[PDB]
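Q: Here you go, one structure.
Where a number appears in this text, it was derived from the coordinates with a stated rule and is not lab data. Don't worry about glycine lacking a Cβ; one is built from the backbone with ideal geometry, like all the others, and counts go over all protein chains shown.
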Amino acid sequence: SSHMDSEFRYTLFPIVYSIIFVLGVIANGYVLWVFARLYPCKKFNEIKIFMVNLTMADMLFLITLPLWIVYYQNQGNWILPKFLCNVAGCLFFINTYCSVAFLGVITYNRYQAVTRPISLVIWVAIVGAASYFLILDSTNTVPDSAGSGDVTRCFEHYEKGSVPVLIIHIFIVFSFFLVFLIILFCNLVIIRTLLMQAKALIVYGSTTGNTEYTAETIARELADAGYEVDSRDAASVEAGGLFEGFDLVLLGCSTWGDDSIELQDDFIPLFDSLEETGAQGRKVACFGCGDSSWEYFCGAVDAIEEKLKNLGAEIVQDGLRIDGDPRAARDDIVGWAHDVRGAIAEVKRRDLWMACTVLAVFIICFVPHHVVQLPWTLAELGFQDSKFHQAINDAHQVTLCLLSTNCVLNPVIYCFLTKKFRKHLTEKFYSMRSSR
Ligand SMILES: CC(C)c1cc(C(C)C)c(-c2csc(N(CCN(C)C)Cc3cccnc3)n2)c(C(C)C)c1
Ligand SMILES: Cc1cc2nc3c(=O)[nH]c(=O)nc-3n(C[C@H](O)[C@H](O)[C@H](O)COP(=O)(O)O)c2cc1C
């Protein structure tokens with residue numbers, strides 16, 4: 001009798017759900033193709049098997065969409081067995097909040113990376129949540145748009161009697177906004193710490209003044225480009241946490257020795273105690289002066305580069321090696337300082353774009369529906385006006401198909417994540433499996 005319905009949903013859902021089904025499948029397929037390509041070797045069978053198991057999960061949801069298409073096509077009538085309605089809807093819920101958790105985990109881990117670079121599994125939860133749906137009588141019958149003909153609805157009614165809808169709905173909507181708040185401030189802190197003006201430290205060891213000149217040219221290149229440059233001689237520095245509070249550290253040293261590949265006198269005290277500064281997890285660059293007449297051309301460059309690798313430092317650019325006089329190739333020196341910026345700028349752009357994306361997905365996909373839910377549930381339970389009921393029901397049709405776009409957007413995020421966070425991710429995966 002209370003025929004509260006949105007007639008546009010019977011035309012809006014079959015088209016949207018059939019577009020997000022093809023775009024969904026294509027998106028998921030483009031992930032697998034790209035991933036299986038970037039890891040062709042059998043030594044990476046476990047990272048590929050994980051990527052297959054992720055696609056399989058996404059696919060288990062994508063196969064529920066034709067049921068809804070047919071359900072809406074025949075004007076909101078669930079003809080198929082009732083237990084299938086429990087299954088279809090239960091999988092929507094599991095997919096929705098797993099898509100939320102995963103966009104949460106991407107944000108949290110990028111947060112632990114862009115900031116602070118120095119019970120857990122929810123298996124127990126989604127077991128109780130799924131077993132709740134298994135017993136839920138999701139189906140109610142109501143007469144058709146005309147009358148004298150029962151049309152079965154799937155998850156459209158709230159039986160006020162036995163199920164405590166109100167608290168379950170309040171809990172979930174608040175749990176989402178807690179998660180959204182965490183994503184919101186994690187990402188804004190990421191944007192803020194990336195947009196922070198970069199402070200660089202240049203430490204040079206020079207006898208004849210050649211490394212000193214290169215260090216000056218590099219310093220003028222970064223300062224011109226807006227860096228907080230701290231250029232200091234190796235004889236005026238102390239190994240005690242020298243690199244602390246510096247984004248980029250540029251170490252420069254001239255090669256010496258009649259016999260073997262020895263370092264510059266002022267630079268050797270720093271070399272021996274390079275751990276004490278804070279080399280691990282530090283973006284470092286290594287330039288240096290020399291001569292092609294000797295066997296180890298710029299041996300000092302190669303000496304600190306392999307030593308910083310053993311220290312686990314981030315060598316952002318291929319070390320600068322000068323043949324004789326640095327004034328002879330000032331444009332080649334500047335080129336290296338320009339490239340050094342460029343390489344650090346890309347890593348920043350990577351995380352800027354990721355933070356924006358996870359927010360744009362949250363603000364357009366998940367957030368609109370979770371705002372609409374609490375007013376809509378109350379209206380359905382009969383706690384509001386007639387005019388309002390129609391409005392909140394109509395917007396619910398729009399927000400529900402916007403929340404369904406997660407199908408296509410999460411594989412797109414996984415693609416950009418594979419394509420640009422490859423090194424970090426591959427390391428993370430094989431560290432967890434190394435014990436359990
Ligand atoms: C806890 C709360 C916030 C919440 C509750 C439900 C329930 C209606 C089970 C559901 C839910 C599970 S299945 C489903 N729908 C929408 C029904 N709505 C009209 C009440 C079934 C459905 C799926 C896709 C397209 N049309 C209908 N809704 C969802 C999903 C958005 C995850 C969230
Ligand atoms: C005895 C001696 C040994 C040197 N050994 C090397 C060497 O092994 N490899 C190299 O590339 N340059 C070597 N050099 C060249 C210096 O690195 C070169 O003079 C440099 O351009 C000057 O840098 P500096 O003025 O900043 O100290 C050596 C020079 C001398 C005099």
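Q: With only alpha-carbon atoms in the gyration tensor, what are the semi-axes of the equivalent ellipsoid for region 197-325, in Å, largest first?
A: Calculated on Cα positions only, the semi-axes equal 22, 17, 13 Å.
Q: Any chance you could check the Cα centroid distance between region 171-201 and region 387-415 for me, in angstrom?
A: A separation of 23 Å, based on Cα centres.
Q: Follow-up. So what is the relative contact order for region 284-334, in percent, with contacts set as C-alpha pairs under 8 Å and at least six apart?
A: The value is 48 percent.
Q: Additional query: Restricting to bridges with both residues inside the chain, how much of the DSSP beta-bridge set is antiparallel, in percent to the nearest 5?
A: If I count the DSSP bridges inside the chain, around 25 percent turn out antiparallel.
Q: Add +1 for every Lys or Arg and -1 for every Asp or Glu among the other residues with Cβ under 15 Å from the Cβ of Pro117, and state the total.
A: +3
Q: Another question, then. Quick one: 3J(HN,Hα) in Hz for region 353-362, Karplus 6.51/-1.76/1.60 with θ = phi - 60°, rounded, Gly and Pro as x.
A: 4, 5, 4, 4, 4, 4, 6, 4, 5, 4
Q: Would you tally the net charge around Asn393, using a Cβ to Cβ cut-off of less than 15 Å, leaving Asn393 out, and scoring K and R as +1, D and E as -1?
A: Within the 15 Å Cβ shell, the charges total -3.
Q: Rg/Rh for the chain to two decimals, with Rh computed the Kirkwood way over all alpha-carbon pairs.
A: When Rh is taken as the Kirkwood radius, the ratio is 1.14.
Q: Let me ask you something else. Checking the table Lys43/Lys307; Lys42/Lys419; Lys42/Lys309; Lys42/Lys428; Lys48/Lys283; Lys309/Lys428 against a 22 Å threshold on Cα-Cα, which pairs fail?
A: The answer is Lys43/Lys307; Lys42/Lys309; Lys48/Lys283.
Q: Net charge within 13 Å of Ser273 by Cβ-Cβ distance, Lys/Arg positive one each and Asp/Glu negative one each, not counting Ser273 itself?
A: Within the 13 Å Cβ shell, the charges total -3.
Q: Among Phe83, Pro368, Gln197, whose Cα projects farthest towards the positive end of the dipole of the chain, with charges put on the beta-carbon of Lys, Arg (+1) and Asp, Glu (-1)?
A: Looking along the dipole axis, the top candidate is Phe83.
Q: Can you tell me the relative contact order of region 197-325? Whole percent, Cα pairs under 8 Å, sequence separation 6 or more.
A: 26
Q: Once you sort the root eigenvalues of the Cα gyration tensor of region 290-361 as a ≥ b ≥ c, which label holds: rounded (a/c under 1.5), prolate (a/b larger than b/c) or oblate (the other case)?
A: oblate
Q: Where does each of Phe185, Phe92 land when they are ranked from fewest to most other beta-carbon atoms within 10 angstrom?
A: Ranked by crowding around the Cβ, least crowded first: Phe185, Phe92.
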